[PDB]
Amino acid sequence: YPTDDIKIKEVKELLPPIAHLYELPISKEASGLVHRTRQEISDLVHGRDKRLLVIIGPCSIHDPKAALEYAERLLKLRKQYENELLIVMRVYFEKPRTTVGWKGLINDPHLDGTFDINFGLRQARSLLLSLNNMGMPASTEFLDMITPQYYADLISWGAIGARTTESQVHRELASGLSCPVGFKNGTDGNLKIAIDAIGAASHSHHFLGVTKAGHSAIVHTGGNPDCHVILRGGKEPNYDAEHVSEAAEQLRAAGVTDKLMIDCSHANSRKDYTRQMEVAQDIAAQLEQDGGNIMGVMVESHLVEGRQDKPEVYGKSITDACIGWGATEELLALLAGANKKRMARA
Amino acid sequence: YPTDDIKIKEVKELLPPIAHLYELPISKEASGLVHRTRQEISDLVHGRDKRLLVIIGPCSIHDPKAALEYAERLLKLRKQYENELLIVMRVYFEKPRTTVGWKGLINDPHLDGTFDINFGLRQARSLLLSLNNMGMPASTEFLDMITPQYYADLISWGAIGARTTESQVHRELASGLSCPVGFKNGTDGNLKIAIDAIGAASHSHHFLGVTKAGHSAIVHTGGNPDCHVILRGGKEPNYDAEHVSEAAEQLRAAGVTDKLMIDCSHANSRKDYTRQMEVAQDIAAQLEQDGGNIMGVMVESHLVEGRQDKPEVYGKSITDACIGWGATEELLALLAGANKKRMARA
Amino acid sequence: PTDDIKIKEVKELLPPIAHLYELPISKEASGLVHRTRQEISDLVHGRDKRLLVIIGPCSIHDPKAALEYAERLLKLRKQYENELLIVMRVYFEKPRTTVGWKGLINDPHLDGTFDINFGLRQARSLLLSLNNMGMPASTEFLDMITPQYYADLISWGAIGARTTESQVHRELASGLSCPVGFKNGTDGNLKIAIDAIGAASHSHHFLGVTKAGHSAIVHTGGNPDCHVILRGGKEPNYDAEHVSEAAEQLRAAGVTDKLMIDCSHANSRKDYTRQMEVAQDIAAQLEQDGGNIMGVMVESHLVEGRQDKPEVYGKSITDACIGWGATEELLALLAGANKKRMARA
Amino acid sequence: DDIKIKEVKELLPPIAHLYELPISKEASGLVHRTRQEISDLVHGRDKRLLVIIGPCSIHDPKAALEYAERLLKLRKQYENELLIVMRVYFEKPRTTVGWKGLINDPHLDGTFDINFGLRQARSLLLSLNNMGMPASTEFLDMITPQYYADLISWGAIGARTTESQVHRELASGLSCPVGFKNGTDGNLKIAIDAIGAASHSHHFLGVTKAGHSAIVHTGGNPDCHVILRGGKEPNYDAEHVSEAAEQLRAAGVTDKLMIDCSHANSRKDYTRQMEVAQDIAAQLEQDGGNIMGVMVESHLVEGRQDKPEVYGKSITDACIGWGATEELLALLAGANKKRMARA
Ligand SMILES: N[C@@H](Cc1ccc(O)cc1)C(=O)O
Ligand SMILES: N[C@@H](Cc1ccc(O)cc1)C(=O)O
Ligand SMILES: N[C@@H](Cc1ccc(O)cc1)C(=O)O
Ligand SMILES: N[C@@H](Cc1ccc(O)cc1)C(=O)O
Ligand SMILES: [Mn+2]
Ligand SMILES: [Mn+2]
Ligand SMILES: [Mn+2]
Ligand SMILES: [Mn+2]
């Protein structure tokens, strides 16, 4: 007899995006920075500019106060290296787990299993707005279909994760995002799925979405021309020059941009934060020799290095382990110096 | 200044689930069949019953008339074999493409690229309701987060596709589905992602969803205890006894049900649909010898064998190629006879 | 604890779009509604001298009888089309003095089950058939939300005596696509109806509900085609002297001095047999002069009188109606008298 | 559809405002208690006089809070004789057209910023209740009450809407006591009918806290009463009170009523409010057993103005000033003290 909502415990009140947009409207200056940075990134994706996009910051945001502090330091390096590097902070609020775990600040901002999503969204949007108001553009992984309506207007670059690059509904979502999007290769190293994803996301789609007012609707997208691939390792790493060369060839064969991003962390560092510097060194070497197909890198970085299970220590990750502020200074100096040369020989 | 909905061509009106439910309420008999079949499948997932679940029918539904016809012939065999087999039809609307493609009857029911989703959802619900009214239970792939509200009440068994088994939001969805759910191994043969998915989908989750009235809300699920894995091939086929045994070991090590399903089609039968008979023969041999870990199989079958690009011929697939009615009779007789013996052993 | 505590339940309501999807307006219904709205406008502003006749049941409680009534009425609408513009009364919302059955929408099964989803569906289906067969429809707009479900099928709307003075009803009218008549107050006050025309002709902002069933701010453009309806008070107000006083008051307010006269309710003192007398008096005014009259309203059904329970087919369960025979008589009388008025131009 | 609709715009639902401005425990307690205390006056268990007093309309929250702070001293001073509740009327009905109030147009310049107005209304009501001043308002619209009814201790249905079935339905579901005014020409029967209608359960179309239309089923409002507010001639005197009470008993509803000192009872003249209150004082001294409350249009400064030039001066109906408010309240308190003394 019963066949409906058999395994639904309850359905709860959700404020629609407009309620958050009314409290936290985007400022003139945030609008300008987002607009500009999106353009600048587009220029890197299509080879019109040879600066290196650097998506850098925490694995996950679990404390907005630390995040603003981190941002203030990073901003000095963003300005310092602005002729060599386009620095954008990692501000990831949605985290895909292997089985189960804390899904992030949006899903559970009090870090205690209370799932205060209304608070989380409000907090996320507030942090993003403060970041952009101080001059730091922001990047995030879009994991969910609905959460983007709450803050995509504040995002200069989006990632689609390794676990969702093959998913049609994530490709559809990307096709309708106002920012450039990077698609990671699959968790075991499959690169073709990310190339296919760029293909798919560049076309118009019809999918089911939610309006700013919180109502489901049919969303007809125009396609996203600013997508690229991210090499993030597999069973084996894929950062080096031969993998970059292979990837580029495959990209040209698919008729899509052959400029790509390399993640220094995750499977490319064998899940070991001490190895991110090695990967960045290898990328620096490629940039010095040639490295024509590189347009960016990704780095997991925080105030304090490593990781912890409970949010005990300020500015230390509770998800993947990060390099510390001192290593970040070093890594960025390395990249800037190497890209200066690449840019010179052109 | 412009930063929002830059790559959105339009937002269109979508009737909510309750409009379709009002025109096509579930009947008492459909309700009784769905309820009973879900139970009967759960019994197979947990080793209470040793009948073989058979998920069988078209790769994709593109013509409801042919679908009802196919269903009428299948129904005779469902009855005939009911002591050995639990036959449920494949009624797949949502089709994930490699890159670009026809996404199904929901997404584009007129078969001309007009994306008439309101009509498609209505048509889908109507067919599901007729199928259940005549005594044929239905199964389908849940690809989207929102479409299930329109007809999950008519679905006795759900699949999460190979391309989405890794996706956290698909695992969340499954954790709240009222039916048993099978998770496919990854497109390159990764089994672990499916085993993880079961783990994830058995727990309670909080995520953003859409109510029957078409408004977004926070859904709190109770977890789905009736999930299992589906072996559907990878880089190599994974149907045989050794792969079954490896999978079962890995399932027991993760603490989840070690009863699984084998897909005779897709990567398991490669570039020849008729090899589905070969796979089924190998499964019959396992069932005769032992085959204690097998609880079901999946088969891509239609009125007429093969495939075509345009819907020229009646009852012939326009997606993956299917075995024809005569082979379906043979394949079902083979499975029934073999499982009769397995069941006889005590 | 201070919220929602006199509320027993909130129940599901299908939005207008669900009904519009099942029962889309046809091209012929579209055309008829659009044209009839125009033709009424013309009567309201004195461009045409045909008489608008809003005629039919006090309330609809049976769609089958309503369709039978409509088939007979359609023959007379056609016969008299040079003298009368006939539009059927299709009233689904009824205002009670205290409490009672509020109509088909509110309680379509007549048994206190308040099946509003079914009632809206039924209402829309009856309206669409009516317009498809060539009979335009009129109704009283009582509620703020219900119009989104079928106003597209309505050629003329009434705001009742009990609500002419209400700001939100004046706001609603300011945004209705049809001409609207405003009745004088239940004790005879005419100034409220003249004020209402003033209010409804202007643009307003108020809170409404979209076709998708969501609250929103609606910004109206104003309704230029409103008029008054004289429906009696403590005393009847249908005669030439009342018409003349009303016209003068309308001109003093700068609004249209063309009005409608209701033959029923306080004009007939709730005696359905007197509607014929009122119509006779209007026939006499039309023959003599009657330059300020643009329409009449009449409570008519298949069978005369009223009943408490819906036992007899085609007989009212609200106010008592004249029967089909008297309706023929009354319509012949009005058509013959207005023929002569039209001849003088 | 929509031939004469120029635009449809982006309304925040009640829950957005409730999240920013949740009701406090103290505002909760005051509202709950004051509704009870008013119920008690409606059904004749307490003989204090309900006094609904304040501006015709609220057009400036600053002056409203100033006014509230002065009124709160007198509320407390007279608490054994009078239950003072401030008039906080946002929504205003016009004869034809005009400024419809702070909700509809809070900038007073025809910008119709309804989202801002609803926010401002709720914020003022929450601040008022938090400082100890309960609030009353006219409910004109079917959707606005979802935004702030939780903060209202007493509600009025206006003379122009007492006869309206949808307003009677709305009342039947309001958590507060409700007064129904007699008709603009003096008809009392419509208000008596209204009490009858509002006391029963109804089914109608409303909007949820989330901003979605739905079917609302109400339980009926047992705490309704009539308000005598004049007609063609005034209706405040002892004979009209006696006649009204008799009509109320014949209908089987509470024969305790409220008298409005303003509007048609003062012949639209704010200087006459004091005379009316004098006549009510005299009835309270003599007997006045059927009176449970009064209404007064009062502000910081007297009279009215077309534009909001002077602070604390009405832009709608003309009000008495603060001095006269002190005098009027002292008169009512003294007279009711005696009524209460007689058993
Ligand atoms: N209606 C689904 C559960 C569901 C609810 C909300 C969603 O957004 C998605 C799925 C079922 O019971 O099977
Ligand atoms: N607002 C998103 C696009 C979007 C639209 C609708 C959705 O449901 C989701 C995302 C952006 O600016 O990128
Ligand atoms: N749809 C109505 C106008 C209307 C719009 C919104 C409302 O809430 C009410 C009425 C018409 O076209 O006449
Ligand atoms: N919230 C109101 C009752 C109400 C409910 C629904 C409505 O649409 C209007 C009013 C109260 O507590 O008094
Ligand atoms: Mn990480
Ligand atoms: Mn297939
Ligand atoms: Mn009537
Ligand atoms: Mn006033």
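Cut-offs used in this document
Residues numbered from 1 in each chain as written, not as in the entry; some residues may be left out. Chains lettered and ligands numbered in written order. Heavy atoms only, no water. Residues with missing side-chain atoms left out of burial classes, pairs and counts. Donors = N, O, S within 2.8 Å, 3.2 Å for Na, K, Ca; no water. Helix = DSSP H or I, 4+ residues; strand = E, 2+ residues; numbered from the N terminus. Buried < 20%, exposed > 50% of the residue type's maximum accessible area, 1.4 Å probe, protein only. Polar contact = N/O pair within 3.5 Å; in protein donor to acceptor, adjacent residues only side chain to side chain. Core = buried A, V, L, I, M, F, W, Y, C linked by side-chain atoms within 4.5 Å. Contact = heavy atoms within 4.5 Å. Near = heavy atom within 4 Å. Areas by Shrake-Rupley, 256 points an atom, 1.4 Å probe, with all protein chains shown as cover. Nonpolar A, V, L, I, M, F, W, Y, C, P; charged D, E, K, R; others polar. Pairing = 2+ DSSP bridges. Salt bridge = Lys/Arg side-chain N within 4 Å of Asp/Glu carboxyl O. Patch = residues over 30% accessible without salt bridge, like charges linked within 9 Å, V, L, I, M, F, W, Y side chains within 5 Å. Axes fitted to C-alpha atoms, helices over the stretch in contact; angles between N-to-C directions. Parallel < 35°, antiparallel > 145°, perpendicular 65-115°, else oblique. Left-handed = near helix turned anticlockwise from the far one by under 90°.

## Here we look at the coordination of the manganese ion (ligand 5)
All names here are of chain A.
Piece 1. Bound to the manganese ion (ligand 5) on the protein side are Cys-59 (SG), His-266 (NE2), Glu-300 (OE) and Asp-320 (OD), at distances that span 2.0 to 2.6 Å.
Piece 2. Look at where the donors of the manganese ion (ligand 5) fall in the sequence and you get C-x206-H-x33-E-x19-D. Of the two residues, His-266 sits in the loop between β10 (260-263) and α9 (276-289) while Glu-300 sits in strand β11 (residues 294-300), which places them 34 residues apart along the sequence.
Piece 3. The class for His-266 is buried, based on a relative accessible area of 15%.

## Focus on the coordination of the manganese ion (ligand 7)
All names here are of chain C.
Piece 1. Protein coordination at the manganese ion (ligand 7): the donors are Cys-58 (SG), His-265 (NE2), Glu-299 (OE) and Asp-319 (OD), at 1.9 to 2.6 Å from the metal.
Piece 2. Each donor residue of the manganese ion (ligand 7) lies on one chain, and together they are spaced C-x206-H-x33-E-x19-D. With a gap of 20 residues between them, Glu-299 in strand β11 (residues 293-299) and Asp-319 in the loop between β11 and α10 (324-344) connect regions that are remote in the sequence.
Piece 3. Overall, the relative accessible area of 35% leaves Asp-319 in the partly exposed class.

## With respect to the side chain of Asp-143 of chain C
Piece 1. Note on placement: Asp-143 of chain C falls in the loop between β4 (137-140) and α5 (147-150).
Piece 2. Within the structure, the side chain of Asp-143 of chain C is placed 2.5 Å from the backbone nitrogen of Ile-145 of chain C, a separation counted as a polar contact.

## Structural notes on the nonpolar core
Piece 1. Within the largest apolar cluster, 165 residues are counted, with the highest numbers of intra-cluster contacts made by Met-89, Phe-93 and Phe-183 of chain A together with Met-89, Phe-93, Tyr-151 and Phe-183 of chain B.
Piece 2. Those residues in contact with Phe-183 of chain B, other than ones at most four positions away along the chain, are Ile-160, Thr-165, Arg-171, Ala-174, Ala-194, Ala-197, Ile-198, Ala-201, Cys-227, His-228, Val-229 and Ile-230 of chain B.
Piece 3. Judged by nonpolar contacts, the second largest core, of 161 residues, contains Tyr-150 of chain C together with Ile-152, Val-207 and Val-276 of chain D.

## Comments concerning the site of ligand 1
Piece 1. Near ligand 1 there are 13 residues, and of these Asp-5 of chain A together with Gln-149, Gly-176, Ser-178 and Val-210 of chain B occur at the shortest range.
Piece 2. Near ligand 1, residues from chains A and B are present, making the site a shared one.
Piece 3. At 2.5 Å, a side-chain N or O of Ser-178 of chain B approaches an oxygen atom of ligand 1.
Piece 4. Surface burial for ligand 1 is 96%, taken as the share of its 350 Å² of free accessible area covered by protein chains.
Piece 5. In the shell around ligand 1, the residues fall into six nonpolar, four polar and three charged.

## A short note on the interface of chain A and chain B
Piece 1. Between chain A and chain B, the contact holds 73 residues from the first and 76 residues from the second.
Piece 2. When residues of the side of chain A that touches chain B are traced back to their parent elements, those giving at least two are β1 (8-12), α2 (28-45), α4 (117-133), α6 (168-175), α7 (192-201), β7 (206-210) and β8 (216-221) of chain A.
Piece 3. Of the residues assigned to the side of chain A that touches chain B, the class counts are 22 nonpolar, 30 polar and 21 charged.
Piece 4. The pairing of β8 of chain A with strand β1 (residues 8-12) of chain B spans four bridges and is antiparallel. Bridge assignment links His-220 of chain A to a residue of β1 of chain B, and that residue is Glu-10 of chain B.

## Here we look at the interface of chain C and chain B
Interfaces are often sized by the accessible area lost when the parts come together.
Piece 1. Facing 13 residues of chain C, the contacting portion of chain B comprises 13 residues.
Piece 2. The residue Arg-122 of chain B makes a salt bridge to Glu-22 of chain C at a minimum N-O spacing of 2.8 Å.
Piece 3. For the pair chain C and chain B, the number of links is four residue pairs in polar contact.
Piece 4. Only α1 (16-22) and α4 (116-132) of chain C provide two or more residues apiece to the side of chain C that touches chain B.
Piece 5. Of the residues assigned to the side of chain C that touches chain B, the class counts are eight nonpolar, two polar and three charged.

## Brief notes about a nonpolar patch on the surface
All names here are of chain B.
Piece 1. Together, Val-304, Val-313 and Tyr-314 make up a nonpolar patch on the protein surface, roughly 210 Å² of accessible area in all.
Piece 2. Inspection of the secondary structure assignment puts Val-313 in the loop between β12 (304-307) and β13 (316-317).
Piece 3. Looking at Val-313, the relative accessible area reads 39%, which means it is partly exposed.

## Observations concerning the packing of α6 of chain A against α7 of chain A
All names here are of chain A.
Piece 1. The contact between α6 and α7 brings their axes to 8 Å, and the two run at 50 degrees. Between α6 and α7, the angle is such that the two are oblique. The handedness of the crossing between α6 and α7 comes out as right-handed. Along the contact surface, α6 presents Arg-171, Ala-174 and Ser-175, while α7 presents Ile-193, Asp-196, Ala-197, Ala-200 and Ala-201.
Piece 2. Grouping the constituent residues of the contact of α6 with α7 by class yields five nonpolar, one polar and two charged.

## Re unusual backbone geometry
Peptide bonds are mostly trans, and most non-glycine residues show a negative phi.
Residues and elements named next belong to chain B.
Piece 1. Although it is not a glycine, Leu-111 adopts a positive phi angle of roughly 60 degrees.
Piece 2. The backbone phi angle of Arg-270 is positive, close to 55 degrees, even though this residue is not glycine.
Piece 3. Here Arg-270 is to be found in the loop between β10 (260-263) and α9 (275-289).

## Description of the site of ligand 4
Piece 1. With respect to spatial proximity, 13 residues lie near ligand 4, and among them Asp-4 of chain C together with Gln-146, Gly-173, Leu-174 and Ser-175 of chain D are the closest.
Piece 2. The local environment of ligand 4 is shared, drawing residues from chains C and D.
Piece 3. Contact distances for ligand 4 include 3.5 Å between an oxygen atom and a backbone N or O atom of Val-207 of chain D.
Piece 4. One of the side-chain N or O atoms of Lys-209 of chain D is found 3.5 Å from a nitrogen atom in ligand 4.
Piece 5. Coverage of ligand 4 by the protein amounts to 97% of the 350 Å² it exposes when considered alone.
Piece 6. Residues that form the shell around ligand 4 fall into these classes: six nonpolar, four polar and three charged.

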